[PDB]
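**Student:** Using only what follows, build the 3D model:
(chains A, B, C, D, E, F and G, ligands or ions: 2)
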Amino acid sequence: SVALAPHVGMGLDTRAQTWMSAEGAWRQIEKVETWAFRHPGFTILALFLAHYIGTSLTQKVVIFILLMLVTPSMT
Amino acid sequence: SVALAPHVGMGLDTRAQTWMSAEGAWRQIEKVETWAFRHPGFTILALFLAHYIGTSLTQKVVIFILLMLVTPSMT
Amino acid sequence: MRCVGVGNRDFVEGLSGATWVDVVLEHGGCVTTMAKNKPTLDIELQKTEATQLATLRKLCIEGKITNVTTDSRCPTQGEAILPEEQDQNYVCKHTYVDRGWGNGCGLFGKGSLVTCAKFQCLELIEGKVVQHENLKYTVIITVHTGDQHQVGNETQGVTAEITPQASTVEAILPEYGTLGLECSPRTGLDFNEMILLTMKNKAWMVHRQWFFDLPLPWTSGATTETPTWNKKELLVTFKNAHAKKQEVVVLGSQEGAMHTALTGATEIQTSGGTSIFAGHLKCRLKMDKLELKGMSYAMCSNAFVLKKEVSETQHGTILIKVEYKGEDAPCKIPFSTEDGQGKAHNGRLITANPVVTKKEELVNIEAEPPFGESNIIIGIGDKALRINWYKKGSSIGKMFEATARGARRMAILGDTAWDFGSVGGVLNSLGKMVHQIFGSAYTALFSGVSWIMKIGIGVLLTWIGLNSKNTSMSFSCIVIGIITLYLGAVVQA
Amino acid sequence: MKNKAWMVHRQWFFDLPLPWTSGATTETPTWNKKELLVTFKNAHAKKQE
Amino acid sequence: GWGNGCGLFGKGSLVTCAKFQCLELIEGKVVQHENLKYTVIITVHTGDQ
Amino acid sequence: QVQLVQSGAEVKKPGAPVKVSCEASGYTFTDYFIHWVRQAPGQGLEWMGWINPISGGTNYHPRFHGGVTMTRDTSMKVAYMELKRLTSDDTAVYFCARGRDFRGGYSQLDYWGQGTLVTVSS
Amino acid sequence: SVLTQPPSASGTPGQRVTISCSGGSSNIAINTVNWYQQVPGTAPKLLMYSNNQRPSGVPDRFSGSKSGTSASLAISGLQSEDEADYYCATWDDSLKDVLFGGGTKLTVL
Ligand SMILES: *[C@@H]1O[C@H](CO)[C@@H](O[C@@H]2O[C@H](CO)[C@@H](O[C@@H]3O[C@H](CO)[C@@H](O)[C@H](O)[C@@H]3O)[C@H](O)[C@H]2NC(C)=O)[C@H](O)[C@H]1NC(C)=O
Ligand SMILES: *[C@@H]1O[C@H](CO)[C@@H](O[C@@H]2O[C@H](CO)[C@@H](O)[C@H](O)[C@H]2NC(C)=O)[C@H](O)[C@H]1NC(C)=O
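**Tutor:** Numbers count the residues shown, from 1 in each chain, chains lettered A, B, ... in the order given. Ligands and ions are numbered 1, 2, ... in the order given. For reference, the structure is listed below:
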């Protein structure tokens, strides 16, 4: 719907506090955490995918973070 | 609730048509596509980030696709 | 023939040693079960008709801000406190604003103020649990007698009510005996793990944890006056205008966002009872005491005439509607098939015993012709009405369609999809157990993965399985990847 | 919206999916892209709502 | 199919058309750049009480 | 024909709850509000709350929130209302009115009830 | 914000009656005004079922309109039946409640 495309990142920043800054600052992180907490098994799956696609440790952690971020937000 | 967490991932499913299946099937991909069209520079940024972290073409492609899927969705 | 041409029926044939076959009865589509000497009969689940719902909590979608009261204390002093903070009808927030001599305070610096607003929330969502103790099920059973105006007739049937109290029932079919339904509603669906949320006139089935994790203020449902809410700040935004003051604004009606958040949930009914649709259960059909309609009926001796153009259903089963032109009313129809001037008789006959009940009422028969051209004969002599049908298709194509149907059933239903046509076999039970283990391990991993993320994970997993030298896991990864591609292409029914 | 107003980027305003019309103070206008506020669901395959 | 209106068995087309009324609505207003006006105060440190 | 008829005139002493009722018939009850307006003797009209009988949600006036409760009871098409602790000041006649769901119909009331007058004295 | 209106009166010959409600920028300015007639001793009647729209009867003796933050009920000539108590009602959004006017005793003189 319209709520999935928030007005975040558009270059209209000013000194005045924006509408729902406090809530909308952390709604996305709260969603990701609650999804990663209600579905623990995907942590195991993402660890497996990162281990078998990430040659170096930095690549492994980048892949793991991106997998644990995209899936809650692609729900 | 907020649209950020739709009831699409639960294991419960049946023969009958789910509520707003037709729209919700492609709603997220439509949002990602329209965000990508609106802001094309991040395509260049994601290309650079994938090229400087992915040794193998599989690694570069997976990082690029995950990074282009996260930013429109995590916004 | 209440289920002929329903687009989702799927045949079950063959019984066990004790003349019983179990089956899963989904809301969309029925099961037409035929045996060697038992009458073929359509069985379709209708409704679950839950009653005595207890309401757990009430999410509320639109609020109202009243009695905006504030208090600001001078800087370099304790944070501002209002008596309305302790009140459970009020929502408050602490912030820091700039206070000088023009604001009344003696010394400059950031001062603390609070704005307690009395939260009153207009329209709410009620989340109701159903207990297995009062879950119901209605099953309509129709031995499709050769009968006028019976094809695809939802109004005709013999209902059988199967609740967890006295699940095993016995449906007394009017003429063919009494079918038995020894079933288990316990494994039909996870109604312990579901919440029925009723918004305005609609409602839905949603997962319990998903309902409890919704960003909406909630109150325990006790039908009490002036309820006390929790997590009110989800519909109240406080805006600090340049750190000089703040104001309280209620967000608004969360109805549209709630309808978008419900995508993927199956809709339900509320008017005239709960009547949950879109369910499923598993019945064990005990056909021990069923009997055919006069196997000893004298065979018909006069010709039959067509009365409606023979039409092939979606699954390839012919429908012949004939009127009997004889005077011996109670008789059993002589039915036979041929193929290329050879009585192969490869064509089966779904309607077990085509008996003409009255000789005035035209009788209709459903038959399954062979994949080649076949001539169907519905008489004894040269007066025999001869129907030739050409059934386009291939047996390999039929096998592929059946395999696709079975895979779709194994996607809608999990470990319990192995009991659809089971006769209590040994191989089938072992397959069910191994699928139970693997499916539990799988759905534990992919619980919550969306429709497109499943496809992406599957293609990534198959690419990984293609590039792994250890074949012991290369084969496993490729198999899992293909399974997940299929599930992603099937999910969101 | 009602008594509240916001500054929103014009392209974002044009992008947000909602039925819209010319805004020519005409009673009973015609809403382009009005399918976003209606959902059609099949009761299995029997009917349409 | 049979018992539903006609002899031939298969899948038949169906259309449910429904009128649309807007009820509440929101309107985006373009700011006319000619009529945009800025007001700025210039207070001087004069030591008024 | 559609109309709203009240419970009938009632009298009670201060500090005693009273349950004023409003009968609805002739139309679809769930599709319209009951705006429960108040009018003191020889005083200006004062709206004090409406309920949505399709769902039961209640929008009390800020003054009357908590002091009053309203129940829909859609089974009998009877929009009840109660006063928690009736005081000497709150003597008036309580009309029940029908309003539309949408915003343009929030503040339009047709087919009012006659009004249950409640007298409060010791 | 609370919308207000004064009590007025006019003679039996219907020169003109100007009965005005002046609300805030949240109640009147964005919501349709609704006018009510109350003959004393009777339940109020919906004089205007929308802004400048009549449900039934009494035409050109009851005709209203709102311009900006204020609303008014105009006339082309009054009669003896037009003596009652009048109320203007709008749905406020900031207060989120239905506001009724302070009352006005229009008397045919
Ligand atoms: C929240 O705010 C509302 C107003 O927006 C408060 O309503 C107020 O309630 C009191 C109750 O005593 C009213 O006082 C009464 O006023 C009448 C006026 O004629 C007088 O005759 C009575 O003796 C009594 O003093 C007050 O008028 C009313 N305010 C209004 C209508 O604007 C409400 O109390 C607030 N909630 C709180 C404080 O918890
Ligand atoms: C389904 O069965 C019902 C009854 O079993 C059929 O209704 C009958 O129709 C005939 C002819 O129209 C009437 O003479 C009977 O009185 C009816 N019986 C009733 C209403 O109980 C019905 O025609 C069948 N077919 C469909 C499509 O409903």
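
**Student:** I'd like to know which residues of chain G are adjacent to chain D.
**Tutor:** Contact residues (C-beta under 8 Å from any C-beta of the partner chain) of chain G with chain D: G:25-26, G:30, G:93-94. C-beta: built from backbone N, CA, C; applies to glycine.

**Student:** Identify the bridge partners of residue C:283.
**Tutor:** Taking DSSP bridges, one finds residue C:23, residue C:183 as the beta-bridge partners of residue C:283.

**Student:** Can you give me the neighbour number for the closest residue to residue C:359 other than its chain neighbours?
**Tutor:** Closest residue to residue C:359 apart from its sequence neighbours, by C-beta to C-beta, 6 or more residues apart in numbering or on different chains: residue C:329 at 3.6 Å. Neighbours of residue C:329 under the rule other C-beta atoms under 10 Å in any protein chain shown: 13.

**Student:** Check residue C:482 too.
**Tutor:** Counted with other C-beta under 10 Å, the neighbours of residue C:482 add up to 14.

**Student:** For it, list the residues it contacts.
**Tutor:** Neighbour list for residue C:482: C:458, C:462 [criterion: C-beta atoms under 8 Å, 6 or more residues apart in numbering or on different chains].

**Student:** Next: the one 5 residues further on.
**Tutor:** Under the criterion of C-beta under 8 Å, 6+ apart, the neighbours of residue C:487 are C:411, C:454, C:458.

**Student:** what does residue A:7 give?
**Tutor:** Residue A:7 is in contact with D:8-9, D:12, counting by C-beta under 8 Å, 6+ apart.

**Student:** what does residue A:42 give?
**Tutor:** A:36, A:68, A:71, C:445-449.

**Student:** re the thing from before, quick one: which helix or strand includes the residue nearest to residue C:359?
**Tutor:** Using DSSP states H and E, residue C:329 maps to neither a helix nor a strand.

**Student:** what separates it from chain B, distance-wise?
**Tutor:** Distance, residue C:329 to chain B, by C-beta to the nearest C-beta, to the nearest Å: 42 Å.

**Student:** My read is that that residue contacts residue C:356, right?
**Tutor:** Yes. Counting by C-beta atoms under 8 Å, residue C:356 is a contact partner of residue C:329 at 6.6 Å.

**Student:** on that earlier part again, possible to save the residues of chain G next to chain D as a markdown table with neighbour count, secondary structure and distance to residue G:81?
**Tutor:** Formatted as a markdown table, the residues of chain G next to chain D follow (neighbours: other C-beta atoms under 10 Å in any protein chain shown; DSSP: H, G, I helix; E, B strand; the rest coil; distance: C-beta to C-beta, whole Å):
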| residue | neighbour count | secondary structure | distance to residue G:81 |
| --- | --- | --- | --- |
| G:25 | 12 | coil | 35 |
| G:26 | 21 | coil | 35 |
| G:30 | 17 | coil | 33 |
| G:93 | 20 | coil | 35 |
| G:94 | 16 | coil | 37 |
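
**Student:** so which of these would you say is closest to ligand 1?
**Tutor:** Checking the residues of chain G next to chain D against ligand 1 with C-beta to the nearest ligand atom, the nearest one is residue G:94 at 11.4 Å.

**Student:** Tell me which residues touch the nearest residue to that closest one once chain neighbours are set aside, please.
**Tutor:** Nearest in space to residue G:94, with sequence neighbours left out and distances taken as C-beta to C-beta, 6+ apart, is residue G:26 at 4.2 Å. For residue G:26, the contact set (C-beta under 8 Å, 6+ apart) comprises D:2-3, G:1, G:92-95.
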